[PDB]
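Let me give you the structure first, and then I'll get to my questions.
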There are 2 protein chains.
Amino acid sequence: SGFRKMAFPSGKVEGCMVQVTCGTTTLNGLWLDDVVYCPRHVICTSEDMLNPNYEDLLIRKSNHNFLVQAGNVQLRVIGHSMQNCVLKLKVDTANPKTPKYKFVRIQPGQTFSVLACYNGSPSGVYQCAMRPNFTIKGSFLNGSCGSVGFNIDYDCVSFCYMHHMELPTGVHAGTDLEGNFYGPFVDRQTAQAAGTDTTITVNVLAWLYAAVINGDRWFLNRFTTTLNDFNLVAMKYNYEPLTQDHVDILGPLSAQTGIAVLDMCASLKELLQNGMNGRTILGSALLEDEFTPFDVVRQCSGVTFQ
Amino acid sequence: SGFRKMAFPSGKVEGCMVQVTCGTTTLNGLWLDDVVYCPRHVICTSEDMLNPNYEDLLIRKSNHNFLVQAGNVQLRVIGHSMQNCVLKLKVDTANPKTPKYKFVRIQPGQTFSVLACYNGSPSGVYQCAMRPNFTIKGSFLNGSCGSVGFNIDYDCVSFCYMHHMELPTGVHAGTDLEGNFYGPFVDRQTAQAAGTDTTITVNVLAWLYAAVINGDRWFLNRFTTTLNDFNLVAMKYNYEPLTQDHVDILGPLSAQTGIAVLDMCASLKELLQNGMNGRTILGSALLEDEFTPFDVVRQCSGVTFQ
Ligand SMILES: *[C@@H](O)c1cccc2[nH]ccc12
Ligand SMILES: *[C@@H](O)c1cccc2[nH]ccc12
């Protein structure tokens with residue numbers, strides 16, 4: 001028992017992190033096979049950081065302008081190209097630590113692990129969710145550009161996020177590993193901002209089920225509600241609508257706890273309308289929305305990876 | 001910016017995890033050089049699990065009774081011995097992935113990373129603190145015995161915890177890597193229970209400083225307090241006393257924020273006496289006590305490891 005924000009073991013990703021330097025900009029790159037992936041903003045100078053034409057900036061570069069270091073061993077760049085907002089550097093050495101991997105793009109509401117890095121050296125690992133507004137509430141300092149987010153399934157690493165920048169509210173924006181931004185953000189200097197967010201309803205319900213599995217029951221009740229009536233309440237409190245597919249996805253947790261999904265919706269309705277009245281759920285005084293139904297099932301049931 | 005529960009990168013520990021089977025009990029072991037460390041309870045059967053004499057149980061064992069598997073490769077046990085509550089199995093192969101390491105014992109109030117494992121395969125990583133009552137609020141299912149907790153300093157892994165058992169409130173107890181239990185717990189079947197806990201005051205103050213660094217200031221005030229007057233309030237709310245050494249340890253964070261330590265104590269006094277009145281600090285509606293001053297400085301300033 002217990003319930004923690006749990007990241008995937010990071011070893012398979014640690015062996016891919018390298019340092020990329022170009023001019024006076026140093027950031028992180030991801031070394032898979034004989035390609036290093038990094039944010040294209042590495043080719044930018046401070047004056048360039050206003051409205052850059054990256055195609056012009058890149059044609060002016062030579063392979064030898066890119067200094068790539070894997071630990072204390074230098075990698076020879078032998079080609080370079082741009083894909084959307086990422087750069088692809090061919091090096092003369094395939095990474096012998098390349099795991100089996102995929103490049104996947106995730107949905108708002110999904111979670112992933114982040115390996116924060118600086119100067120190509122991993123610093124820490126933590127769990128994040130992609131917000132409905134396509135930002136993530138990360139923990140990043142300068143030099144963390146190019147740190148990646150990922151999930152692991154058996155032995156295969158699905159990379160889903162590369163970090164690019166911090167927005168004015170302190171939240172973070174980046175791309176998938178094809179270089180396409182999550183949300184309406186750009187890698188140039190603008191007044192861009194997060195814009196309005198919502199709470200991930202199906203994840204809150206999953207977490208209430210985690211709580212019942214772990215012995216917190218004070219918020220349960222005899223009442224039930226209809227899906228339409230719950231969704232009218234979700235809308236008032238800025239929760240996102242609950243669909244029949246969400247209900248279906250919650251079936252296994254409902255069957256394990258014996259609590260009908262619509263019954264747990266009635267409990268959530270009461271919690272939004274009454275607050276918590278000084279009590280806690282799984283050590284939190286707030287309704288937590290950064291655990292998916294899958295996250296709850298891995299942690300309360302117990303699957304590993306190799 | 002941002003502030004997350006952040007674990008150390010787990011790769012160096014993943015390469016040490018193995019599976020140990022004896023009879024019908026399977027759990028995790030830690031393989032360093034040519035020794036595998038695991039809980040001595042592995043030699044116990046269900047009837048033995050009432051008041052076992054482990055010295056008798058162990059003399060009845062042969063090396064060949066211990067099946068040790070590193071991935072899908074079997075390790076030959078060539079010796080065995082008991083140290084306090086851990087078992088030490090000599091194998092015929094030194095682990096080529098052995099990091100530089102130390103066995104350290106930590107203090108209540110300190111934090112560490114936990115690599116949860118099952119069948120010798122790492123499952124997830126998360127951050128924990130050692131509670132004042134010598135338990136930890138972990139996330140563990142059956143088969144997680146022998147999972148370890150650790151910190152990393154530059155390239156050196158300081159192992160501080162091996163997991164043994166779950167107590168009736170759902171919290172967890174284990175040993176240091178010398179096999180000495182944290183707190184008044186034993187590896188036999190009793191009615192043992194956690195017993196009363198307190199809140200780690202210096203860690204709460206560190207986290208308030210993290211919040212100010214990250215832009216949360218609503219809880220600040222002009223007031224100050226004396227150390228004795230704060231400690232009278234800490235005692236009412238079951239917080240642990242604040243010492244002059246705690247004040248000294250908070251000096252760097254105080255100097256960075258310009259907020260005197262005793263001023264931040266006056267803020268904490270107000271928060272205990274008034275609650276939070278519907279607001280949050282670093283995304284929490286509770287006063288968080290599982291970040292040390294060191295944790296705040298690594299994350300709000302930014303050190304890595306190799
Ligand atoms: C580094 O990830 C990056 C990418 C885009 C824009 C930007 N500005 C400062 C760093 C940075
Ligand atoms: C496995 O860590 C362990 C250690 C002591 C007592 C005990 N009971 C069930 C598992 C276990």
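All heavy atoms count here, side chains included; hydrogens, waters and symmetry mates do not. Throughout, a chain's letter reflects where its sequence line sits, starting with A, and its residues are numbered from 1.
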Per-residue contact mode, B:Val303 against chain A (heavy atom under 4.5 angstrom)
backbone

Which residues pass the salt bridge (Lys or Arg N to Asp or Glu O under 4.0 Å) test with A:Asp197, sequence neighbours left out?
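Here the qualifying residues are A:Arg131.
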
Who in residues 143-156 of chain A is close to chain B, using a strict under-4.5 Å heavy-atom cut-off?
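Answer by number: none.
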
Do you know which of A:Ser113, A:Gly71, A:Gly124 has the most heavy-atom pairs with chain B at a distance under 4.5 angstrom?
A:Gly124

Counting N and O atoms only, with roles assigned by atom type, does the side chain of B:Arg298 sit under 3.5 Å from a partner on the main chain of A:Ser123, one being a donor and the other an acceptor?
yes

When rounded to the nearest 0.5 angstrom, what distance separates OG1 in A:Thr304 from CG in B:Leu141?
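That separation rounds to 11.0 Å.
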
Only pairs of heavy atoms separated by less than 4.5 Å count here; which of A:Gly215, A:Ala116, A:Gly170 has the most with chain B?
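Between A:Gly215, A:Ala116, A:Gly170, the count favours A:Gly170.
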
Could you tell me which non-hydrogen atom of B:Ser1 sits nearest to which non-hydrogen atom of A:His172, and how far apart they are?
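Reported closest heavy-atom pair: O-CE1, 3.2 Å.
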
For B:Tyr239, all residues meeting ring-ring contact (aromatic ring centres under 6.0 Å, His included), sequence neighbours excluded
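Scan of B:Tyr239 (ring-ring contact (aromatic ring centres under 6.0 Å, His included), adjacent residues dropped) gives none.
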
Anything under 3.5 Å between a donor and an acceptor, one on a side chain of residues 4-13 of chain B, the other on a protein residue two or more places apart or in another chain? List them.
residue	atom	partner	partner atom	Å
B:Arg4	NE	A:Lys137	O	2.8
B:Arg4	NH2	A:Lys137	O	2.9
B:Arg4	NH2	A:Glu290	OE1	2.9
B:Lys5	NZ	B:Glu288	OE2	3.1
B:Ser10	OG	A:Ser10	N	3.1
B:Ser10	OG	B:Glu14	OE2	2.8
B:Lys12	NZ	B:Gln306	O	3.1

Does any heavy atom of chain B fall under 4.5 Å from the side chain of A:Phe305, the backbone, both, or neither of them?
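A:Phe305 touches chain B through backbone and side-chain heavy atoms alike.
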
For atom CG of A:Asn274, decide whether the heavy atoms of other residues, nucleotides or ligands shown that lie under 6.0 angstrom number more than 12.
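Yes, the 6.0 Å shell around CG holds more than 12 heavy atoms from other groups.
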
Using a 3.5 Å distance criterion without hydrogens, assess whether the side chain of A:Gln299 forms a donor-acceptor pair with backbone atoms of B:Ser139.
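No, the answer is negative, given that no donor and acceptor are paired below the 3.5 Å cut-off.
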
Which of B:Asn142, B:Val125, B:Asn214 touches chain A most, by non-hydrogen pairs under 4.5 Å
B:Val125

Relative to chain B, which segment of A:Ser284 carries a heavy atom at a distance below 4.5 Å: side chain, backbone, both, or neither?
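Interface part for A:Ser284: backbone (N, CA, C, O).
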
